[PDB]
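Q: Requesting a structural model of the entry that follows:
(9 chains)
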Amino acid sequence: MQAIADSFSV
Amino acid sequence: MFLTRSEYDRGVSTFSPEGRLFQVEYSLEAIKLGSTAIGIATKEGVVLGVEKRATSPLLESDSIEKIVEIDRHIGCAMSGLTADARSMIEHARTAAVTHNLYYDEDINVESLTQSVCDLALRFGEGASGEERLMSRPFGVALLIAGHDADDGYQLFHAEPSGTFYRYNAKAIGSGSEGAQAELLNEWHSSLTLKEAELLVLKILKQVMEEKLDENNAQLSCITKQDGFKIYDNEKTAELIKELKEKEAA
Amino acid sequence: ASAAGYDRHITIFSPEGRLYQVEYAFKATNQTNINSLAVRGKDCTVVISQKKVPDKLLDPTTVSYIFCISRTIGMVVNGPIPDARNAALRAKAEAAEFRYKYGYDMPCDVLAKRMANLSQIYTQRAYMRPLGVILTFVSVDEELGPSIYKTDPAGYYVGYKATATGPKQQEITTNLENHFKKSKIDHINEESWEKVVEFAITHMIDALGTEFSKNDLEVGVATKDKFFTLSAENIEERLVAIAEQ
Amino acid sequence: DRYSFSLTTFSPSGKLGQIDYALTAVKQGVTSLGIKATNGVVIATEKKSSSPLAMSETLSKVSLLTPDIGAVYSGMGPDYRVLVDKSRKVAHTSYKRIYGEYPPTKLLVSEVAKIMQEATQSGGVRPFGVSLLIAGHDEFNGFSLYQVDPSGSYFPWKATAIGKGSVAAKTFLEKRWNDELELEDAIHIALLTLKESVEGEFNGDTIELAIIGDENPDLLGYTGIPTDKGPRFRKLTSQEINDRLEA
Amino acid sequence: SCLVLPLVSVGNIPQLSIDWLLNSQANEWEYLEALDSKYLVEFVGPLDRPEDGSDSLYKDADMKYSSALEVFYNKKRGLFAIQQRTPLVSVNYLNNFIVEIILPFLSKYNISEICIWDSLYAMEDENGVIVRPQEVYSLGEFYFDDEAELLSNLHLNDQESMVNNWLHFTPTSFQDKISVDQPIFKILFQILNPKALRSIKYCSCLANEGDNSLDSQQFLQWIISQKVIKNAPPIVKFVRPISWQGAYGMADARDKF
Amino acid sequence: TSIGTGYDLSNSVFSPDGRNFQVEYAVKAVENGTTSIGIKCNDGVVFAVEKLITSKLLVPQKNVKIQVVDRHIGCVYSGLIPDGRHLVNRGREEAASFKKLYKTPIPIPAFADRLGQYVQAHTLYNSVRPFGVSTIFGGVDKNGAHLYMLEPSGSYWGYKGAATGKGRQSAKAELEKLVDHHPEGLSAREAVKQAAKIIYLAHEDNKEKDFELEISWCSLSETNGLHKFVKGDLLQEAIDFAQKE
Amino acid sequence: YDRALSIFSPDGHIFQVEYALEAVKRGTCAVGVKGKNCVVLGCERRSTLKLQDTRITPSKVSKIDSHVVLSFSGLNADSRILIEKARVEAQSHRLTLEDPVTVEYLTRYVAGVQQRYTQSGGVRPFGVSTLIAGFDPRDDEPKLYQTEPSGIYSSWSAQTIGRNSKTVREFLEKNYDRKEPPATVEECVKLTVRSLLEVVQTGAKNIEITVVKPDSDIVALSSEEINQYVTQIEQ
Amino acid sequence: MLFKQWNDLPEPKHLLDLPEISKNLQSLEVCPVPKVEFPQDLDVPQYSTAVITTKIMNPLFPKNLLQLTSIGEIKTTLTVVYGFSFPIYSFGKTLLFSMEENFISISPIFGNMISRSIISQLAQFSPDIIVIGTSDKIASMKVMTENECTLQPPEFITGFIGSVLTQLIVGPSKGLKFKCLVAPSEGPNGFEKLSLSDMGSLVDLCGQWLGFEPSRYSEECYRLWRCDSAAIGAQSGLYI
Amino acid sequence: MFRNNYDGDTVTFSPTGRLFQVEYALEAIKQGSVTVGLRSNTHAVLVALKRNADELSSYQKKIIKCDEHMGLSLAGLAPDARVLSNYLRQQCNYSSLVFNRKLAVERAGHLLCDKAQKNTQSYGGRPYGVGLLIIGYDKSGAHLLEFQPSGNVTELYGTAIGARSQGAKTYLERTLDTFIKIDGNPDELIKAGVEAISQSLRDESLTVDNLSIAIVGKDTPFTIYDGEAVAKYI
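A: Residues are numbered from 1 along each chain as shown, chains lettered A, B, ... in the order given. Please see the structure below:
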């Protein structure tokens, strides 16, 4: 989950 | 206050109360099922021997893989589930040869042990942030012996817990109890390799299930000149005969 | 009935053939205890939702279950506001994407069908839970006229001439049915949206029986031009108009 | 997390639990039926509604997959809608865009069965809870009427009824059906059968009925280029259904 | 005279319900004796008290420890209650337990009725035990006044079907028959063996695992609402034992909120 | 039922009553946090928190309890520390991204909606647990001052005054009383003193422990719309006003 | 601690792999014996039902390459696939490298394939234990190896797997003189046939024998009846 | 991980994972019971005290420091078959019983029966009883005796030592003098683990009861605890 | 009892709102050996008691340097200590190379905290069971961060973590008014830390091998003392 968000973080 | 089943035993991800992580604790229980392995470092070399633990007399004992070479200056014995030991040894050999290729120098034994442990650490996050590679920890604990121009003869016990200790003398597998208890009594800094070999044979004889014989136990040693070299059946038989003559009466 | 096996947690058929995890999602739509009304005029669609705050500290200006999804499309939602906002953002993105993809404004029919299809995935995937809200998209379709399309977490899709939702939907819908039966028509027939809003407020008050002030409702009016929500000042004017009636 | 254990598994008696449960769900759906005739096929069904405030026009239970093929269902409405959405796309891509002509009812039913079957043995999706009646015309194998069950199995039928009124309607059709039926007689038989297993208002606004009859060039949308045939699937209007039902 | 026998079951609901009963009526109940724990997973713990105010259940000061299986006695109600804190060491000994522990106790005190309290997990409905699943409670009954009807004849027949229907399950109960689950071994051995015992009652609940405190409250409430046996309401106040305070651990002071 | 056994062992599952329990347990977790409040002034927002000084080892002036999401948005939570500061970091990232794109500070409603979407997303899939923190945040933008509070469920509302944590009921009652006595809106200077009063009243629940209270406030006029902590003479004035109670 | 492959038992066992080994014992017997210059692989073929197509099926001992032979015991369906993977690996090695696969290399690859399928809980491990025998290319030293579903592999002078392994292995242990293994090919075949007859109740019709010889020479016997007569008469 | 398997339901937990005595779990008859043979040749009055413990704590008795010599073996058999036996060690004026407990191979019924035989045989001779054990449920090391319990209500003891305590407090021969010493542990019966601080506290307390020299006993016992044991497990290398 | 039903994984709250699976991770620190850190405006010091598997083994590496200006000490799980220490060293290298900037200790603490947090929400993973004391000196001054596996990073003048840490922490609370004022003497600061750790020992008193010390400050880059180098402090 949050790994997906971290990829889109930047 | 009612007795009930406890779920913390299952899964590597589960902490129990007091923070005891069992699935790695049970991994070190599978080590005890493996054959006994002994290792003894000394100022003039390091010698490690292993119980072969042949299942049946039909098994070709001369083709068992308890001790393996990782590089000309490094070798390691293993215990436990040899299926995982093959992957660990493959990674260790790849790392050693890669280091020799990239830096034109022998891989330091500490670095090689760190690499092997980092691989063992992969059931969770890796040392370099690597994603987990395996569902369970290794059921294999292998002790690495080698020589380096700076550290000299040194022996390391690599656990599936992802931790290692530099051991002057270490025993793993079945009979680790008595083997280690006797090593504490026997080892000393002035232990020359010639008597280190006989001490390893003595420990194995004391803790092995059957009469010590050259076809059920084998030895290996590290030296600056010789390098990692397993002893021939005739050589180990000569050592066993010398033990019988010397320690008897 | 209470689910028995893995159907308790995942949405798979039970021995009775029903999806318990979706029937439970239906009951979540009544969790917020909000009741809403939607009715169609000759050229406009009005949505009304009772807006019990109820806390005094909470700012009434920020409470709203009526979302603007596109220029012509609005939607009043029933159920918890987190899932309502998730659905509203989904619908807004879908409308913008359709406008980009096909070159013309997303019809309310097609938007509601897309949302129903998306809700269908959640009723079939094992690891996706049904969103648990009831969406009633309203607009003035440029070729179907005013339309109200209501969707549910089970993925069903039905177009209505007048709708009610919430715990007391039965009384509101029965009153609407009685009015339409008396009129023998499918719309309120009023020319301007102000009169339609007045009619909707009057019928909501009659169905519920609890007369209430400007602070206790929010209105949305879909017109050919755009969909817009009425502020407290406009609702006050509408309430005054119905009181003087 | 690379995998998901299969949701559909064999019970100790050798029965797939989810398939049987899906068939039970189908049996609880509103009745729908279809009759094959010498010169056409008629498929009819009742329009369930939450309240008379629902516009019956948009309760389109029946739907066309190709100008020759029409489909009706019983059970989980959303599942049938998704299956129709996929079946139209498959009819275009798999067959029409390759061979330039619409797929025959046989192949389209086979593709629908393929889509519905893969759900029965997947790790993350339950089987579709709908059984469809897919009636359509062909230039070579003629009119046909295929039922497809949640298991994905399909059968060609002379006449069928699925849903709540399955047994009674099917037995009634067994007695009433004949090889010589004309489409006009088939429609009357369908209306009589549907009346047996319906309650409340029974008129053109509560029942959906579509027929696979002769071509309809008036519905083609353009003239000239005579090689192109007109559509065959016609959904009867409410007024026409009232006129037929008044008899 | 009556006895309630809580079976270890999903969620331990019978045991939690017996704890509720004993600690809510603590002014009435008293510790009587400890049964032979031979067949249980042997157990030893401290004495347990009602959480607030009420006196300890173990009246004699000689007591300093609790055992695996002990009986509490209610002189006012004339009611006995077994409290079992560990499961049987093996399901095979489920016969031994009744034959050698319970039935001798029933003979000793001339117990007239025995209420077996059980909890059925939903997923274990194989063989179709559960019917009318919307209901969540059940109350089976059996009377030896029907000796000539069922047990006299079935002693010879003794059909080997997976499901038995000896108990007279009341309407509006989630079951009408007993499968291979534990009560079959119970009901059989109290029948296929005491001169004083006349009737058997089987209170049951449909349960799920979790924190069954309130679930056990409601189970006990339903049992008392039914005319299983004369009791206080006792809803005036439900008092949990002090031992439940530590059910979620001993300490809570750490800096993570 | 307050526990609902069976339906609470995993996230994203609806119970027969329509409630999904893991969110309820997350709300229960918020109850254990330190009491925190936020007061919406006529032109700004004032934040105050009862930071319990756990030990003398902590360096006080550097271990802050209030966090700045962006130079114009103040944020303060109560509940699990990891979830709290992770949400703070994620909101800071969102605000920085919006500022980078639109070259302007993100309006508070948009930031609140983004955080609500992020938090609510964790109530959908069973691999992640819902955030265990109730977060009060607000600031000043072109539309004035906004104060928000999002719960573990993802729901959030505009508040004229909010409170979270253990000492929440007394603080909320005193805040309702404050809002009642000043329906015309508080001046930021008066609001700071009233917030200090409220926090001191909340401390009466746990008098046995030593405490400190941080006060920070953003006002359109007094601080040019920038979130700054209270220090020096003003903090001592607010104290002395509170010490009378 | 036996619902998944990833869980160690408290005593260190992975009970799932032990259950796979138990599944191996469900398959029919398969025995191999190393001669001084030849290797014999024996198999207990099931007593064919009178309607089976004998002319095309069954043959239990299958060659992986011109010089290697892979017998097995356990799930036949898994074996048919493990054999195919071994064959593909043998040809891939002959392609990428000039030399044919060393018997030890091929058995190591098969053990890796079996181990690889044990590394995740989403796959059933291959419930089959192969018995790979043959000669290294351009070499005359007989080789024999056994592989297990656990991924373990070992070299044996004579080994048995599958149903009634204990009876046959006990017979071999007391009758195989490892100090001086059987020399003549027919002597080794006689020993192998004797080992199988200790378990196979039926005559020679249930026994399949295949002899692999150095320099890529393999022959499947169809005259064991003569060998069976000698053993039976001697007995 | 992306998702949790829908099969991953942690249930049920009311019933423990204990080895069933017979495969025919549906049987409908009185199941047999373990028989026990106790060596009658023991001149028990020769011993003034007896230690009843489990295998996890044999490090506490270093054979070199105190000469453990076997007096016999308690033999048990269950026929439905099962058979187990363990030695009765002794030193000086003391006996030492070690249960070699194991929950996978040995069902707790054997433990109960062995405990009952031991206590019933020690009843008439009345040596001072020292019982050393562990519990997954106690938060700290406890010292207990018949006339004083130190367990708080939430805590309790189970396993072999639970059975021994049960016979000492209730049942026949109840009222026997005993001192009990339970250290906190984790894990299933027979595979338990102890924290190193717990090991040290148990050593420095136990040596006081048996009357050995503190320093010599402590060092001789550390060299058995830490070198290798089932109790230390991975704790020696798993934690920094 | 009821805790047993809800501590299966870190993705489930208990009905009381507690998250047991991370409380267990925080309790995992108590298994590790005691380590002590204390701060003064001019220098910061770490003191760690090393544990050895057996008398024939070399001691564990309790103290790791990540840069010439910062280091750390840790207690708890070795597999997690390795991961976190390696991650922090990698990030220090990244800051020093890609940005040409020494990683500020305050930034490093939160940067490690963010990694620590993510493990406490996703299924499959488990919270790190190691608490470690980041220590360093930078432009803003001396620093000492006590990182806990719950994702809590806190600025402390001095602290102790590990088994029997309460005695050392109490001594630090009792002598905070003193050890901060040393402010320039490294020998005396290390001595004060050595009394602080000495309160935590039940057995195995300090020795040249089991004791290890580190220091950093205005003039001293992070330096580690062990063996004969620490004989003067014992």
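
Q: where does residue I:224 land in three-state SS?
A: strand (DSSP: H, G, I helix; E, B strand; the rest coil).

Q: That one - how many residues pack around it?
A: For residue I:224, the count of nearby residues is 19 (other C-beta atoms under 10 Å in any protein chain shown). Just so you know, the C-beta spots here come from the backbone N, C-alpha and C atoms, and that holds for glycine as well.

Q: Is the nearest residue to it once chain neighbours are set aside inside a helix or a strand, and which specific one?
A: Nearest residue to residue I:224 in three dimensions, chain neighbours excluded: residue I:214, at 5.0 Å (C-beta to C-beta, 6 or more residues apart in numbering or on different chains). In this structure, residue I:214 sits in strand I:211-217 according to DSSP states H and E.

Q: what's the answer for residue C:110, then?
A: Going by DSSP H and E, residue C:110 is in helix C:108-124.

Q: same deal with residue B:30?
A: Counting by DSSP H and E, the element that carries residue B:30 is helix B:22-33.

Q: Now do the phi/psi pair for residue I:44.
A: phi -130, psi 140 (degrees, to the nearest 10).

Q: what pairs with it across the strands?
A: When bridges are called by DSSP bridges, residue I:44 pairs up with residue I:39, residue I:216.

Q: Now do the end-to-end distance for stretch H:139-147.
A: Between the opening and closing residues of stretch H:139-147 lies a distance of 21 Å (C-alpha to C-alpha, to the nearest Å).

Q: quick one: is it near chain B?
A: No: Stretch H:139-147 is not in contact with chain B by C-beta under 8 Å from any C-beta of the partner chain; minimum separation 9.1 Å.

Q: hmm, back to that, pretty sure residue I:46 is one of the things the residue nearest to residue I:224 touches, is it not?
A: Yes: using C-beta atoms under 8 Å, residue I:214 is in contact with residue I:46, at 4.3 Å.

Q: Run through the residues that contact the residue in chain F that chain G sits nearest to.
A: Residue nearest to chain G within chain F: residue F:127 (16.7 Å; C-beta to the nearest C-beta). By C-beta atoms under 8 Å, 6 or more residues apart in numbering or on different chains, residue F:127 lies in contact with A:1, D:1, H:1, H:2, H:3, H:4, I:11, I:122, I:123, I:124.

Q: If we use 7 Å, what do you get?
A: Counting by C-beta atoms under 7 Å, 6 or more residues apart in numbering or on different chains, residue F:127 makes contact with A:1, H:1, H:2, H:3, H:4, I:11, I:122, I:123.

Q: Equivalent analysis for residue H:158, please.
A: B:3, E:41, E:43, H:135.

Q: Would you list the phi and psi of it?
A: phi -140, psi -170.

Q: Is it bridged to anything, and to what?
A: Following DSSP bridges, residue H:158 is listed with bridge partners residue E:43.

Q: before we move on, back to that, identify the contacts common to residue I:214 and residue I:46.
A: Residues touching both residue I:214 and residue I:46 (C-beta under 7 Å, 6+ apart) are I:63, I:135.

Q: out of the contacts of residue F:127, who's near chain F?
A: The subset of those within reach of chain F, by C-beta under 7 Å from any C-beta of the partner chain, is A:1, H:1, H:2, H:3, H:4, I:11, I:122, I:123.

Q: Most widely separated two among the residues you listed?
A: The distance between the two most remote of these (C-beta to C-beta) is 12.6 Å, for H:2 and I:11.

Q: Residue H:139 and residue H:169, how far apart?
A: Applying C-beta to C-beta, to the nearest Å, the value for residue H:139 to residue H:169 is 22 Å.

Q: all strands for chain H, in order.
A: For chain H, the strands defined by DSSP state E cover H:35-37, H:49-53, H:69-78, H:82-91, H:94-98, H:128-135, H:142-145, H:157-158, H:178-184.

Q: Without its sequence neighbours, what residue ends up closest to the closest residue to chain I within chain C?
A: Here chain C gets closest to chain I at one residue, residue C:127, 11.3 Å apart by C-beta to the nearest C-beta. Distances taken as C-beta to C-beta, 6+ apart put residue H:3 closest to residue C:127, at 4.7 Å, once the chain neighbours are dropped.

Q: Wait, the one you found touches residue D:1, no?
A: Yes: between residue H:3 and residue D:1 a contact is recorded at 5.8 Å, counting by C-beta atoms under 7 Å.

Q: before we move on, the earlier item: and the strand holding residue I:214, what other elements does it pack with?
A: On a contact count with 3 or more C-beta pairs under 7 Å, 6 or more residues apart in numbering or on different chains; DSSP states H and E, strand I:211-217 meets strand I:43-49, strand I:130-138, helix I:186-198, strand I:223-226.

Q: Am I right that the residue of chain C closest to chain I sits in a strand?
A: No: counting by three-state DSSP, residue C:127 is not part of a strand but coil.

Q: What's the separation between it and residue H:11?
A: Distance of residue C:127 to residue H:11, given as C-beta to C-beta: 19 Å.

Q: returning to that earlier point: quick one: is the helix holding residue B:30 near chain G?
A: Yes: interface with chain G: helix B:22-33 contributes B:23, B:26, B:27, B:29, B:30, B:32, B:33 (C-beta under 7 Å from any C-beta).

Q: after that helix, next one along is what?
A: Sequence order places strand B:37-42 as the next helix or strand after helix B:22-33, per DSSP H and E.

Q: Who are the packing partners of the helix or strand following that following strand?
A: Later in the chain than strand B:37-42, the nearest helix or strand by DSSP H and E is strand B:45-51. Strand B:45-51 sits against strand B:37-42, strand B:140-146, helix B:193-207, strand B:217-222, with contacts defined as 3+ C-beta pairs under 7 Å, 6+ apart.

Q: what about 10 Å?
A: strand B:37-42, strand B:67-71, strand B:74-80, strand B:140-146, strand B:154-158, strand B:169-172, helix B:193-207, strand B:217-222 (3 or more C-beta pairs under 10 Å, 6 or more residues apart in numbering or on different chains; DSSP states H and E).

Q: Give me the helices and strands touching the shortest one, please.
A: Spelled out, that is strand B:169-172. By 3+ C-beta pairs under 10 Å, 6+ apart, strand B:169-172 packs against helix B:22-33, strand B:37-42, strand B:45-51, strand B:74-80, strand B:140-146, strand B:154-158, helix B:176-186, helix B:193-207.

Q: possible to save those as a markdown table with mean neighbour count?
A: Shown next, in a markdown table, are these (neighbours: other C-beta atoms under 10 Å in any protein chain shown):
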| stretch | mean neighbour count |
| --- | --- |
| helix B:22-33 | 24 |
| strand B:37-42 | 28 |
| strand B:45-51 | 27 |
| strand B:74-80 | 27 |
| strand B:140-146 | 28 |
| strand B:154-158 | 25 |
| helix B:176-186 | 19 |
| helix B:193-207 | 20 |
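
Q: residue of chain D with the smallest distance to chain F?
A: residue D:1 (7.9 Å).

Q: I figured that residue was touching residue H:4, is that so?
A: Yes: Residue D:1 lies in contact with residue H:4 (C-beta atoms under 10 Å); the separation is 8.2 Å.

Q: Mutual contacts of the two, please.
A: Common neighbours of residue D:1 and residue H:4, using C-beta atoms under 10 Å, 6 or more residues apart in numbering or on different chains, are F:127, I:123, I:124.

Q: just to revisit the earlier point, from residue C:139, how far out is the residue of chain D closest to chain F?
A: 41 Å.

Q: likewise residue G:7?
A: For residue G:7, the distance to residue C:139 equals 56 Å [C-beta to C-beta].

Q: Repeat that for residue D:228.
A: 36 Å.

Q: Residue H:3 and residue D:1: who's more crowded?
A: Between residue H:3 and residue D:1, counted using other C-beta under 10 Å, the more crowded position is residue H:3 (19 against 12).
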